[PDB]
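The chain that follows stands alone, in the form deposited in one PDB entry, written as structure tokens.
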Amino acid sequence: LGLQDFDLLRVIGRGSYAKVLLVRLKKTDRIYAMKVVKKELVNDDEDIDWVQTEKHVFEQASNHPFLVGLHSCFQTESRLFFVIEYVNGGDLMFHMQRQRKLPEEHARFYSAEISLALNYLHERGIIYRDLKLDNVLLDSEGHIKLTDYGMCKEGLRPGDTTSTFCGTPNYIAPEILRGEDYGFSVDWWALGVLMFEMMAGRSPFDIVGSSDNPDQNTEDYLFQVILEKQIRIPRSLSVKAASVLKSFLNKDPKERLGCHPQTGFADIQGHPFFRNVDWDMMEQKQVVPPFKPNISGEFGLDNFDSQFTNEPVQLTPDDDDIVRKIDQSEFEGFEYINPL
């Protein structure tokens, strides 16, 4: 499979590495999302691993209903292409910007579905390591999907740990900042931060940005705040909310919710905050979502930010002075077609 087999429809998204497009497979008239990564950008250890693991997790995982599946992979001389399922309900950042705070029942719904996705990855020996509002999409019906798997640790034996300093500063866990080896615990910390954002309407470390001192609007100042400052819960939120946020945002991973090596996920299910959640029905997509995203027109482009969708539908012409400098050897055996 190649670029020939796809009718490019619209630009829908942009990461640091990637440009995202809506595409149609000419063979079947199914529409997919196409992540286009320029090889120009992938140069170090940290960059090749990002693509290789993203591919590996799409294969070995991603069968789950709250994870994005992969149609296929291919390359031109300049770019890597991932063809993945089109999910058209926006992301939780986009949704949070429209409705500044969420009700607790909405936050319960979204965090339950994430928890199942995380637990599924955890039991396949995978740490997500980049949970954030941007990486949690809503589908057309209003259920979540986790998307960006490039940061994942994999091949983790049960009770192993790893050492890499990665993630997103807002969501980074104290273990990582302390320089400790870490396991799945970092994912549960991130969920805590994520749940805080949904219920409170702002990050717990939101002061980092507003200060008169330039040196206190710094990644290093954020990391100091994550480690040493106490996270105050807003008075609005119930006793159950306050408990789960404080339990997930415990600075010690040993004593954090979700992180007992035996009973971790069970402890989450048994928390008063998730009293009335039917976890089997949740996982079978049988709990009616609290919000149905608006889908309009031929493709449902409503919930993608207009800056992306206005941009013209091309792939940028190549510059042969840059393309000739690329090591093609590093992307051999990239091609993949999903065994239908």
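Sequential numbering from 1, following the sequence displayed. Basically, rigid core = biggest C-alpha set you can superpose within 1.5 Å across the two forms.
Annotation: residue 209 belongs to the positions left without coordinates in at least a third of the other compared entries, with flanking residues modelled.
Averaged over their C-alpha atoms, the temperature factors of 56-64 and 33-41 are higher for 56-64. Two stretches are in play, 267-275 and 22-30, and the higher mean C-alpha B-factor belongs to 22-30.
Per the deposited coordinates, the residue with the largest Cα temperature factor out of 159, 204, 150, 192 is 159. Per the PDB record, 209 has a higher Cα B-factor than any other of 183, 253, 167, 209. Among all modelled residues in its chain, residue 111 ranks in the lowest third by Cα B-factor. Placement of the Cα temperature factor of residue 179 within the chain: middle third of the modelled residues, per the deposited record. Sort the modelled residues of the chain by CA B factor and residue 261 lands in the highest third. For residue 288, the recorded CA B-factor ranks within the middle third of the chain. Only modelled residues enter the ranking. Among the modelled residues of the chain, residue 70 sits in the lowest third by CA temperature factor in this PDB entry.
Not on display, but discussed next: the form deposited in another entry.
Only one candidate in 33, 61, 277, 70 has its Cα displaced by 2 Å or more between the shown form and the other one after core superposition: 61. Once you line up the core between the shown form and the other one, the Cα of residue 288 stays within less than 2 Å of where it was.
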